[PDB]
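Working notes, beginning with the structure itself.
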Amino acid sequence: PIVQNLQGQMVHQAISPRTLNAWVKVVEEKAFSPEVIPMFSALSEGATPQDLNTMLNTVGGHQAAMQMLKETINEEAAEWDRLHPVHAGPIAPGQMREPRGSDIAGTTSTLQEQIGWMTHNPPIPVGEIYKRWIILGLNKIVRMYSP
Amino acid sequence: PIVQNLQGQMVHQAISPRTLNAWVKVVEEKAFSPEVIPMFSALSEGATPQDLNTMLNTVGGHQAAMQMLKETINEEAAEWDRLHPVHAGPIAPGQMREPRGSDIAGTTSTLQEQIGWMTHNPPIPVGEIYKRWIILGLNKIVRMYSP
Amino acid sequence: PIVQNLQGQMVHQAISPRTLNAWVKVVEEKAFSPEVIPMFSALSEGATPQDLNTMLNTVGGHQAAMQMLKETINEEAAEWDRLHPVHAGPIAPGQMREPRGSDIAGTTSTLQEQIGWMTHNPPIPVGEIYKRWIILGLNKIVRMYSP
Amino acid sequence: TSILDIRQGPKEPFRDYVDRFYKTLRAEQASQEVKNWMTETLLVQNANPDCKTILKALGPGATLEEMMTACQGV
Amino acid sequence: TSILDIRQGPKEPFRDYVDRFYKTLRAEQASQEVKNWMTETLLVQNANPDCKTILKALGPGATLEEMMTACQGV
Amino acid sequence: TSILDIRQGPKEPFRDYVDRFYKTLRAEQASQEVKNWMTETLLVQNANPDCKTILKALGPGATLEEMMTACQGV
């Protein structure tokens, strides 16, 4: 995640193993139950896309759901690209590039790039955009997996 | 929560997973027992409204009680709005807006707004107002759930 | 691992016992399952070759796989030496030596040497080169150990 | 399971039923106004005859602690 | 176990089968285009006659939530 | 359960009863003066005849260690 250091700057720090394991354990115990979404939200505080793929990729089991989510993440990403067209002409030397759906999904962007966008002024909340897609896709799952 | 940093300022820091889990475990084990209220009170030290909705939303089970509480929180909030009318004329550029019942419940306010009110001079204790509503609603529950 | 200190420099710090034990426990529980690879990747964040041999050497059980991996690590290392020939003439006093496959595998290099290469400017990512060999060799194993 | 399929048993305490209701209501994502409509309507409708009778006597305007204490002996 | 050996039982819910499929698909390392080909093809082909029948009625263009809700009673 | 429903068994040690009393008293939220009234009154009143007899001999002014040691053999 990207956290604030004592000095008063935003720097990246790694997520903790008993945080990781707590994510694992939630999924083990409460599967598709709604409490998973606030839980997720708390444990995703200050998290990167990269950390969010890590959390999704580290799941075991419920592979039908994991595939449905993936496909929702790509749909929501396809929709990001649709709604926000690429911008006019070449990229400025003085500036950094606008993200695509795949940069938001973490796929085409690097960590330093993910830190550029979030730490820069104005900052862009690429975590929160992926977060809604995850929560939206979580609703899809919850609604389906209701019996 | 909003905690004091080493430098001597009040800054927000996230709540810990084994704190979260300790909240979960209390509820699992002691359900509606009175010891839940001091326990709550300790674990709510320096907490935001946002963190208080997180704690309430992360409950599983006892949904009749959770609904009774919600409805108590809204009643107490409706009462906040009644007792404290909105103030005269437009909001000053030099000042920040007075809260409503829904800002106290965390609903209409953002985190930075919740930090503005609490950290500013004079500070306003929107946590402690929600806390009484929670404790009051906890009494309602305890009294009902006595057999 | 080599981590950034508060002062703003990269210094070595030792890996933690409950990190070590978490590595052990993953292997105990999920054996050759694919979730082992992201898991590995997270727990190998900022890790040295030396720490990576420590992790491999501390395995118990699955010795056929451990030997297959070793032999993959040496093949990938032999390939490093092939692709990157040694450089022209004697080593400069002002400079430090280029790594071989065995320095990447941690075998012929010392820790201070591993810190020289990574902390120096430009830095060389000898962790990430070993990491791919480990991940590649992990694919070999996963594919074989599929039933 | 659908919200329409939530019903109170002939021997099941209302309380255990109301818990089931706001759990399933917790998995419905509809507008609040619709969920208010579901609350006043479906809850009583799928309540058992003995309690149903009781709840009809509370009239309208009733709140959950009063419903929950009203159908306790049933 | 090979991906061709993944098949749906005569009493096995599709759901439990689809989970098995993307787990084994998760251990295949092939190009995405090939894995897309495997998805539309092999999944339905090794699906049981009763659900297979059902899936033929969805036509093409179908997505996983609709397949998964389509073969639920089977 | 209501505080009036708290009573001492015919074979139940007083001690186990006094624990039950301040647990239920712990779920009463009344003014302290009322809760003092409940203490001196209801506790003895719902105490069993054998201990009740004992407690009448302690007279008024008695404190909990002396009541608790007074009804120990009963």
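Note on naming: chains are A, B, ... as they come in the structure tokens, residues start from 1 per chain, ligands start from 1 in the order shown.
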
Transformed chain D, reference chain E, full Cα set in order, as a PDB file with C-alpha atoms, in the first residue's frame:
ATOM      1  CA  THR D   1      -5.137 -34.533 -14.560  1.00  0.00           C
ATOM      2  CA  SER D   2      -5.559 -33.185 -18.114  1.00  0.00           C
ATOM      3  CA  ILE D   3      -8.226 -30.507 -19.125  1.00  0.00           C
ATOM      4  CA  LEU D   4      -9.857 -33.036 -21.578  1.00  0.00           C
ATOM      5  CA  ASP D   5     -10.402 -35.344 -18.611  1.00  0.00           C
ATOM      6  CA  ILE D   6     -12.610 -32.684 -16.884  1.00  0.00           C
ATOM      7  CA  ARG D   7     -16.294 -33.745 -17.379  1.00  0.00           C
ATOM      8  CA  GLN D   8     -19.647 -33.227 -15.626  1.00  0.00           C
ATOM      9  CA  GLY D   9     -21.225 -36.083 -13.714  1.00  0.00           C
ATOM     10  CA  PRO D  10     -24.717 -37.338 -14.414  1.00  0.00           C
ATOM     11  CA  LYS D  11     -25.894 -36.013 -10.908  1.00  0.00           C
ATOM     12  CA  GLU D  12     -23.141 -33.356 -10.432  1.00  0.00           C
ATOM     13  CA  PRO D  13     -24.246 -29.732 -10.409  1.00  0.00           C
ATOM     14  CA  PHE D  14     -22.832 -27.701 -13.276  1.00  0.00           C
ATOM     15  CA  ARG D  15     -21.665 -25.189 -10.776  1.00  0.00           C
ATOM     16  CA  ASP D  16     -19.342 -27.741  -9.141  1.00  0.00           C
ATOM     17  CA  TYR D  17     -18.059 -28.630 -12.617  1.00  0.00           C
ATOM     18  CA  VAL D  18     -17.452 -25.053 -13.684  1.00  0.00           C
ATOM     19  CA  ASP D  19     -15.323 -24.581 -10.569  1.00  0.00           C
ATOM     20  CA  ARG D  20     -13.306 -27.651 -11.550  1.00  0.00           C
ATOM     21  CA  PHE D  21     -12.926 -26.262 -15.064  1.00  0.00           C
ATOM     22  CA  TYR D  22     -11.462 -22.868 -14.182  1.00  0.00           C
ATOM     23  CA  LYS D  23      -9.198 -24.534 -11.553  1.00  0.00           C
ATOM     24  CA  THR D  24      -7.706 -26.836 -14.248  1.00  0.00           C
ATOM     25  CA  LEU D  25      -7.825 -23.899 -16.782  1.00  0.00           C
ATOM     26  CA  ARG D  26      -5.975 -22.003 -13.949  1.00  0.00           C
ATOM     27  CA  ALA D  27      -3.103 -24.745 -14.417  1.00  0.00           C
ATOM     28  CA  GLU D  28      -3.075 -24.351 -18.162  1.00  0.00           C
ATOM     29  CA  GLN D  29      -0.499 -21.814 -19.328  1.00  0.00           C
ATOM     30  CA  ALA D  30      -1.691 -21.458 -23.165  1.00  0.00           C
ATOM     31  CA  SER D  31      -2.309 -18.196 -25.129  1.00  0.00           C
ATOM     32  CA  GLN D  32      -5.542 -16.348 -24.134  1.00  0.00           C
ATOM     33  CA  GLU D  33      -7.146 -16.949 -27.605  1.00  0.00           C
ATOM     34  CA  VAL D  34      -6.655 -20.703 -27.120  1.00  0.00           C
ATOM     35  CA  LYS D  35      -7.994 -20.535 -23.622  1.00  0.00           C
ATOM     36  CA  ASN D  36     -11.085 -18.592 -25.064  1.00  0.00           C
ATOM     37  CA  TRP D  37     -11.497 -21.446 -27.552  1.00  0.00           C
ATOM     38  CA  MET D  38     -11.384 -23.925 -24.659  1.00  0.00           C
ATOM     39  CA  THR D  39     -13.968 -21.953 -22.743  1.00  0.00           C
ATOM     40  CA  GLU D  40     -16.620 -21.842 -25.427  1.00  0.00           C
ATOM     41  CA  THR D  41     -15.936 -25.345 -26.593  1.00  0.00           C
ATOM     42  CA  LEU D  42     -14.858 -27.868 -24.031  1.00  0.00           C
ATOM     43  CA  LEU D  43     -17.051 -26.674 -21.131  1.00  0.00           C
ATOM     44  CA  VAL D  44     -20.298 -27.340 -23.007  1.00  0.00           C
ATOM     45  CA  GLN D  45     -19.092 -30.481 -24.717  1.00  0.00           C
ATOM     46  CA  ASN D  46     -18.295 -32.251 -21.431  1.00  0.00           C
ATOM     47  CA  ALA D  47     -21.379 -30.906 -19.742  1.00  0.00           C
ATOM     48  CA  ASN D  48     -24.104 -33.612 -18.921  1.00  0.00           C
ATOM     49  CA  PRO D  49     -27.037 -34.289 -21.457  1.00  0.00           C
ATOM     50  CA  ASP D  50     -29.677 -32.605 -19.224  1.00  0.00           C
ATOM     51  CA  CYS D  51     -27.722 -29.346 -18.879  1.00  0.00           C
ATOM     52  CA  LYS D  52     -26.208 -29.671 -22.275  1.00  0.00           C
ATOM     53  CA  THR D  53     -29.725 -29.546 -23.662  1.00  0.00           C
ATOM     54  CA  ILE D  54     -30.347 -26.359 -21.500  1.00  0.00           C
ATOM     55  CA  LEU D  55     -27.154 -24.659 -22.720  1.00  0.00           C
ATOM     56  CA  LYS D  56     -27.932 -25.350 -26.332  1.00  0.00           C
ATOM     57  CA  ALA D  57     -31.191 -23.204 -25.750  1.00  0.00           C
ATOM     58  CA  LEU D  58     -29.178 -20.226 -24.393  1.00  0.00           C
ATOM     59  CA  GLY D  59     -27.579 -19.836 -27.912  1.00  0.00           C
ATOM     60  CA  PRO D  60     -24.213 -18.133 -28.412  1.00  0.00           C
ATOM     61  CA  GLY D  61     -23.200 -14.839 -26.820  1.00  0.00           C
ATOM     62  CA  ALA D  62     -24.103 -16.196 -23.364  1.00  0.00           C
ATOM     63  CA  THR D  63     -22.185 -15.189 -20.158  1.00  0.00           C
ATOM     64  CA  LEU D  64     -21.300 -17.143 -17.031  1.00  0.00           C
ATOM     65  CA  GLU D  65     -23.986 -15.814 -14.606  1.00  0.00           C
ATOM     66  CA  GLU D  66     -26.663 -16.647 -17.227  1.00  0.00           C
ATOM     67  CA  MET D  67     -25.179 -20.154 -17.821  1.00  0.00           C
ATOM     68  CA  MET D  68     -24.832 -20.711 -14.114  1.00  0.00           C
ATOM     69  CA  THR D  69     -28.426 -19.603 -13.362  1.00  0.00           C
ATOM     70  CA  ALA D  70     -29.598 -21.487 -16.475  1.00  0.00           C
ATOM     71  CA  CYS D  71     -28.488 -24.956 -15.319  1.00  0.00           C
ATOM     72  CA  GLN D  72     -29.422 -24.557 -11.603  1.00  0.00           C
ATOM     73  CA  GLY D  73     -32.389 -26.959 -11.370  1.00  0.00           C
ATOM     74  CA  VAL D  74     -30.624 -29.706 -13.269  1.00  0.00           C
TER      75      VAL D  74
END

Exercise answer, chain B residues close to chain A, 8 Å and only C-alpha atoms, as a PyMOL selection string | chain B and resi 14+17+54+57-60

Extract the full set of helix (DSSP H, G or I) residues from chain E according to DSSP on the backbone, and format it as a ChimeraX atom specification.
-> /E:3-5,14-26,32-45,49-58,64-70

Restrict the distance test to only C-alpha atoms, flag each residue of chain C within 12 Å of chain E, and return the flagged residues as a list in words.
-> residues 32, 33, 34, 35, 37, 136, 138, 139, 140, 141, 142, 143, 144, 145, 146 and 147 of chain C

Which neighbours of segment 79-90 of chain C fall inside 9 Å, counting only C-alpha atoms, when residues of the same chain fewer than 4 positions from it are skipped, and could you give them as a PyMOL selection string?
-> chain C and resi 74-75+98-102+104

For atom CA of residue 131 of chain A and atom CA of residue 115 of chain B, determine how far apart the two atoms are, in Å to one decimal place.
-> 22.7 Å
